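Notes follow the structure.
The chains referred to below are lettered A, B, ... by the order of the sequence lines, with proteins before strands, and numbering in each begins at 1. The analysis underlying the following values was restricted to heavy atoms, covering all of them including side chains, and did not include hydrogens, waters or symmetry mates.
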Amino acid sequence: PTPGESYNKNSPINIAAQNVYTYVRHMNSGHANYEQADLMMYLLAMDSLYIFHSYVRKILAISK
Amino acid sequence: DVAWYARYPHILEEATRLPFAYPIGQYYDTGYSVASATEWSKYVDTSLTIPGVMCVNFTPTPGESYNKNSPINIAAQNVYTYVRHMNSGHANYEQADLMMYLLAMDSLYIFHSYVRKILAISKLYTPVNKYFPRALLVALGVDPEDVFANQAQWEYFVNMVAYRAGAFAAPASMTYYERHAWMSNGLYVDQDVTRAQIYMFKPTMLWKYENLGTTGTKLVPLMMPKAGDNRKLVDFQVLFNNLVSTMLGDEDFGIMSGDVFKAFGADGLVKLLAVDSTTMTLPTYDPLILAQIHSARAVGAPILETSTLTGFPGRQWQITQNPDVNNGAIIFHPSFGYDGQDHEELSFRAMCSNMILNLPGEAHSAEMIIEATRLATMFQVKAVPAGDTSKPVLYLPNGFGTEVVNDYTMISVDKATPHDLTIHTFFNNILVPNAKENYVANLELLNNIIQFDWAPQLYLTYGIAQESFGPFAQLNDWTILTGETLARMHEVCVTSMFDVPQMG
Amino acid sequence: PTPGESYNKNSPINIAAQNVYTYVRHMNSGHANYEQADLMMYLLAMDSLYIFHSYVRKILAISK
């Protein structure tokens with residue numbers, strides 16, 4: 001699983017990090033202790049967790 | 001009235017059956033009425049070339065700003081106390097950061113309107129105007145054949161500009177954006193006819209954001225393609241890709257855009273028109289914009305960091321904001337009268353008289369007078385040169401609108417073969433040196449200019465006469481306009497453009 | 001057979017070349033290994049082919 005190619009801040013996932021950070025920051029008003037990139041790398045680690053769950057769930061569901 | 005014509009109507013019918021409505025965009029040879037007159041070669045002008053395109057080359061300005069009491073600093077205070085009182089929290093920016101963001105948004109929107117007009121011109125065809133669409137594409141600076149050959153990539157690029165710049169928020173209640181979109185997304189005829197002549201507005205330069213970190217922010221010029229440059233899609237991609245390079249995945253820009261989105265809702269934002277391979281703009285008749293073209297008043301080329309101005313160091317055009325300079329205010333006082341060289345273009349001396357506000361009819365409403373003077377910019381003093389030696393002469397205005405005119409570009413057809421497009425760039429002021437070839441060339445330019453109806457008023461200086469001649473324009477109900485009156489009108493219109501209806 | 005007189009881009013043959021290349025290439029998703037002048041030269045060579053056919057079938061039909 002890739003985030004796409006990213007050479008600088010003008011990349012699609014940095015633009016998506018800006019978009020999802022200004023979405024999340026404007027519902028959770030307060031003193032955030034993280035940036036755009038912390039939130040997007042959290043959202044990318046969530047994908048590896050979900051793919052791992054789908055992987056072991058397919059291991060179980062194949063065996064029947 | 002004549003009783004003979006009613007007796008022989010077929011004679012009057014067949015004798016006066018002439019082919020009218022000649023298509024413009026072509027060279028026409030009138031021929032000779034005296035067959036022997038070919039012995040008098042250039043003394044008989046058998047040539048006829050009607051122009052089609054006059055492109056007004058503008059620069060978007062915030063108004064004149066010397067201190068914090070300026071209209072855009074007051075507007076920065078107003079929009080900052082509006083945005084700050086809907087987005088309660090810990091803001092990490094000032095008034096001036098937000099207003100320079102709102103000024104960079106305008107250059108993005110004008111760039112999108114520019115490339116969208118490049119696409120929407122390329123589908124224009126009329127069999128009676130041969131200037132459609134290649135002359136309008138040459139006047140915008142693009143290679144016309146590159147837009148026809150690479151149509152789908154041009155459409156993808158324009159849709160991607162509208163999708164990337166459309167991710168940011170800018171308030172639609174600020175009429176700055178609507179005025180610039182009305183100028184930039186517009187093809188305007190001078191007369192409401194079929195073989196009319198076309199006015200366009202094209203940005204000479206755009207304002208490029210650069211964050212100076214601790215030392216503030218800056219808006220630096222980014223020059224656009226001039227007419228006859230044959231620029232390809234890769235050049236406009238490079239222009240867009242350093243226009244939004246500091247902005248497109250940025251933290252602070254996203255925070256300011258989200259704050260503007262929460263303050264002014266989704267219905268109160270500046271919308272970008274998209275293209276769908278059928279988007280076609282049509283030349284409309286708008287006498288409000290023709291009044292501004294008539295009273296338009298060119299200020300010269302923009303001064304850049306690379307420009308050589310002997311005796312004028314540090315005179316480049318920039319919207320600067322330093323917290324250690326002028327109490328942290330947005331500062332913009334550009335120096336005018338520069339034409340791109342170091343030779344004292346002394347046609348600009350003709351702009352030192354007071355202007356004539358020419359305007360049609362007999363009744364002139366307040367909105368008409370305040371709208372017709374928008375591209376008018378009168379010099380007030382000379383700029384003081386730093387040093388005993390000074391090659392150019394620069395000027396300081398008494399204020400200016402949200403746009404200044406830098407140039408005009410005329411597109412006509414060449415009278416020599418082949419009859420390709422001729423590109424002529426001029427100010428309101430035109431120097432005619434003492435040479436044999438440029439007197440009839442100045443006659444060519446003058447007769448080309450008077451084909452356009454509410455054209456800018458010209459000033460013509462001569463080399464050996466050592467004198468300028470005044471407003472070369474057909475007058476109407478006119479008035480003589482002074483610098484303090486135009487300064488008051490400029491103050492009113494810079495205030496009205498940046499006004500946001502507030503809650504506080 | 002002539003395509004008309006042509007010395008610049010405002011010729012009727014060049015306007016026709018652009019107008020038919022937009023329809024074949026862009027409006028119908030054609031291939032990108034030729035320009036508009038190649039398409040119009042092809043469209044002009046087809047005319048000489050058809051004029052040859054009309055010529056020899058007139059030779060055929062006259063002889064009876």
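Annotation for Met503(B): atom CE does not count as buried by contact number, only 12 or fewer foreign heavy atoms lying within 6.0 Å.
Using a 4.5 Å cut-off between heavy atoms, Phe253(B) touches chain A through backbone and side chain atoms alike.
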If you check both backbone and side chains, which donor-acceptor pairs between chain A and chain B fall under 3.5 Å?
residue: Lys9(A); atom: NZ; partner: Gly249(B); partner atom: O; Å: 1.3
residue: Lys9(A); atom: NZ; partner: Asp250(B); partner atom: O; Å: 3.1
residue: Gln18(A); atom: NE2; partner: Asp250(B); partner atom: O; Å: 2.5
residue: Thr22(A); atom: OG1; partner: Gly254(B); partner atom: O; Å: 3.4
residue: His26(A); atom: O; partner: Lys262(B); partner atom: NZ; Å: 2.9
residue: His26(A); atom: ND1; partner: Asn87(B); partner atom: OD1; Å: 3.4
residue: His31(A); atom: NE2; partner: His90(B); partner atom: ND1; Å: 3.1
residue: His31(A); atom: NE2; partner: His90(B); partner atom: NE2; Å: 2.3
residue: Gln36(A); atom: N; partner: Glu251(B); partner atom: OE2; Å: 3.0
residue: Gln36(A); atom: NE2; partner: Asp250(B); partner atom: O; Å: 3.1
residue: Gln36(A); atom: NE2; partner: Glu251(B); partner atom: OE1; Å: 3.3

